[PDB]
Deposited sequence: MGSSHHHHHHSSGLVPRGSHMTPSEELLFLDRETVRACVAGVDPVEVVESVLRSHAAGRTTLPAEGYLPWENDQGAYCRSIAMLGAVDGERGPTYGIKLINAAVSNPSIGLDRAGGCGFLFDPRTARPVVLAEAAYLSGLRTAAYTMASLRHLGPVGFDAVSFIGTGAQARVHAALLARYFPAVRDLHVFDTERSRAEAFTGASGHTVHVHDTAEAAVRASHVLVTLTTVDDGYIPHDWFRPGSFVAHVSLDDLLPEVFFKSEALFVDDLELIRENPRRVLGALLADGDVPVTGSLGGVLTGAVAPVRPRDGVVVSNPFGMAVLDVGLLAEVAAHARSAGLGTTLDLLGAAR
């Protein structure tokens, strides 16, 4: 017999509602800091569709030798730059978990929601350890699927947050955004949104940097999820600068922090994993801006899918696919 536990997006959502995704992200970060994760070279398949738009499949294997037992899996994320044009999310795809004994794929999950949830759970972990204590407002630049899942996790982990201050270059999207106990304030300018609070999450798709140091209040934090919004001076003038994995950042010099690392020394304080293990002291905002610049690690998605699968099994959720059919 050859079987797959199949978890569609609505099932993955239900499982995430029933587990602690921030606790899982912190556990995998501690495993990674201890050299107890494996992130092999990605499979990368680029092409151009018939309307000459950039398309790709990225196959991201990962292993966690973690705080329960070993986990093995893959995240497969595919994107077409032309998808939004025809009403589709840019990215879509699937994740598997592998049986430690037999290496068989035993779980298949929709993965594009789980990818956004992983990113938001890292943001929450970063705010817990490195953010201002007690912030009651958050600013978003960009108000799509990523803002919705960040807002959902703010309601779970930061109930003091009652006000979201949003800007989107697509004004109609900003006006449609409702969050998750949240009053939404739509601003005419990115500047107004940043100045309206002590906590910024950038969730754009921009290539050109535009956020100067001057926009931040003293005692501010930015989760640089979109990776190309902050001007170089913000990194150099930062009160503290925390990454997920400095080697991943250095290997991606098309993003501004990676580009700066190739020009010479940058004042990187450390990794959030380093903070979680006690290898580096946390720095919360006081006089300046604390910058969090995570590249994103598929070992987080593998760790989250293992927790989601364990929940699905004990709660009898999802469908069994027979791979043979007899």
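Colleague: What ranges of the deposited sequence, counted from 1, have no C-alpha atoms in this structure?
Modeller: Unmodelled stretches, in sequence order: 1-23, 204, 351-352.
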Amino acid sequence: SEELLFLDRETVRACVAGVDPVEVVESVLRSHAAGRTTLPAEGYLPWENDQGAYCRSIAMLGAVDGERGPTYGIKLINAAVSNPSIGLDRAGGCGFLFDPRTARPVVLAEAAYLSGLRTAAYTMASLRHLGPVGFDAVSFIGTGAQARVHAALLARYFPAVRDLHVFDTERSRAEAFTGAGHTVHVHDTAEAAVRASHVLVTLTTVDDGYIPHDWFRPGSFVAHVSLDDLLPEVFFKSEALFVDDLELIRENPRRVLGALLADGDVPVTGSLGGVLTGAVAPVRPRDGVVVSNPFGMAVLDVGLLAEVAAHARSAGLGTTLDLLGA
From here on, numbers count along this sequence of modelled residues.
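Colleague: Pick between 191-199 and 101-109: the one whose mean CA B-factor in the entry is higher.
Modeller: Between 191-199 and 101-109, it is 101-109.
Colleague: Which wins on mean Cα temperature factor, 315-323 or 4-12?
Modeller: Higher mean C-alpha B-factor: 315-323.
Colleague: In terms of CA temperature factor as recorded, identify the highest of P70, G273, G258, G288.
Modeller: In the PDB entry, the greatest C-alpha B-factor among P70, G273, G258, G288 is found at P70.
Colleague: Highest Cα B-factor in the PDB entry belongs to which of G264, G296, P40, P267?
Modeller: Answer, based on the entry's C-alpha B-factors: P40.
Colleague: Among the chain's modelled residues, which third holds the C-alpha B-factor of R90?
Modeller: It falls in the top third of the chain.
Colleague: When the modelled residues of the chain are sorted by Cα temperature factor, does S57 land in the lowest, middle or highest third?
Modeller: Ranked within chain, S57 CA B lands in the middle tercile.
Colleague: Once the chain's modelled residues are ordered by C-alpha B factor and cut into thirds, is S292 in the lowest, middle or highest one?
Modeller: Lowest third, going by the recorded CA B-factors of the chain.
Colleague: Quick one: classify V184 as lowest, middle or highest third of the chain based on its Cα B-factor.
Modeller: As the PDB entry reports it, the C-alpha B-factor of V184 lands in the middle third of its chain.
Colleague: Thinking about Cα B factors across the chain, which third does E170 belong to?
Modeller: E170: CA B-factor falls in the highest third of its chain.
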